[PDB]
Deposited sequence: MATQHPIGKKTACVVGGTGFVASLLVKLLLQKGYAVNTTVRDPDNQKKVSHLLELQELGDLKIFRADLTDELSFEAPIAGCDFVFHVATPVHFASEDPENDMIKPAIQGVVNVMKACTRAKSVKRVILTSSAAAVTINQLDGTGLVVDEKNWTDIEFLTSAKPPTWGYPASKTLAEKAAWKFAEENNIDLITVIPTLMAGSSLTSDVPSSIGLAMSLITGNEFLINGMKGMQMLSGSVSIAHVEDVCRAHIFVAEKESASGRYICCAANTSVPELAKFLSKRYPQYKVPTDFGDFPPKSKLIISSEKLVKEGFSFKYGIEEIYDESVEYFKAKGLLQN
């Protein structure tokens, strides 16, 4: 039986990964900052039924915290840029990876890092000063998916210097459903054209602009891609993971028609109807990975998830 460590198992990407590794027959160790917070870890507890799951207290600042959950594991998965519901992240990454240098069992470290995820978190912010023209004439920084965060740049140099086999996976706007109690922000952004939430619609516009694109994947495709590049020995480097590319206005038309039951706005004025960028997942697809979910499917599950959360 093989063992994998997933850091920060209460996250959106990380909890689903734990689940999928359990179903694939891995034993899984996961770390949470405080396991006694029973509301926070409830979904992890539920995963114990699926198999050999062990939950360790560990802290990203610490770096002696990681020796125990990582002991005996073949793979260590860490999400650097988790989705909400910089110097900390850089430091977490080096710290997990330092621990990994001492654990001779570790075959590969798999890091989740997206400059887009940082922008997505910031786009759904607080204290935004809104006026009469602000709300149309659209703080968040640039989130081009192909850009390397400093966290990521750190990992590659550390890996280069310490003979660690590192792979990075680069997701963009993730939707579908979550195992977490709170709704991840990414799903809110994605589902804004359906809820009609103008604030998060403005978010999606901001993303087209600051990310150069409106690209999307089901979180479950993103998690399977992590397991795939872990297991496939000749895999290397970085892997962008997204299923579909679009623009907000092109997307809104698509969803208008697929979901006539909902008041989907289609008139965007002179807002750019083509994005500057198309984000390609061809490298991942050529390694042998197939996406199980297309845009139709990403939205159905998200809709059903939003219903059950009483948001539709």
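Several segments of the deposited sequence are absent from the coordinates, namely 1-8, 94-102, 156-162, 337-338.
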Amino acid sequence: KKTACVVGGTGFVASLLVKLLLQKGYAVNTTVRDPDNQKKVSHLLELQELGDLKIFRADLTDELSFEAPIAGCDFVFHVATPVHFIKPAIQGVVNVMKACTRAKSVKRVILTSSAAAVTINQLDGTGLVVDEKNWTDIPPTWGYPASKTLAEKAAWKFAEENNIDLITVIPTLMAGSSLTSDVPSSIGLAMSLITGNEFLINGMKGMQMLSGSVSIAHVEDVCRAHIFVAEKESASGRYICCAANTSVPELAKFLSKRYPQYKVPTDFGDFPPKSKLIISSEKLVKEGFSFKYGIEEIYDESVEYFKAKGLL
From here on, numbers count along this sequence of modelled residues.
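Stretches 234-242 and 114-122 differ in mean CA B factor, with 114-122 having the higher one. Higher mean CA B-factor, judged across 245-253 and 35-43 from the recorded values: 35-43.
Take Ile170, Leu128, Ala71, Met174 and read off each C-alpha B-factor from the entry; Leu128 has the highest. Within the listed group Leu189, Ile90, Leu166, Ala217, the record reports its top CA B-factor for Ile90. For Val285, the recorded CA B-factor ranks within the lowest third of the chain. Only modelled residues enter the ranking. When all modelled residues of the chain are sorted by CA temperature factor, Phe66 is found within the middle third. When all modelled residues of the chain are sorted by CA temperature factor, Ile279 is found within the middle third. Per the PDB record, residue ranking by Cα B-factor puts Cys100 in the middle third of the chain. Split the chain's modelled residues into thirds by C-alpha temperature factor. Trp142 is in the highest one.
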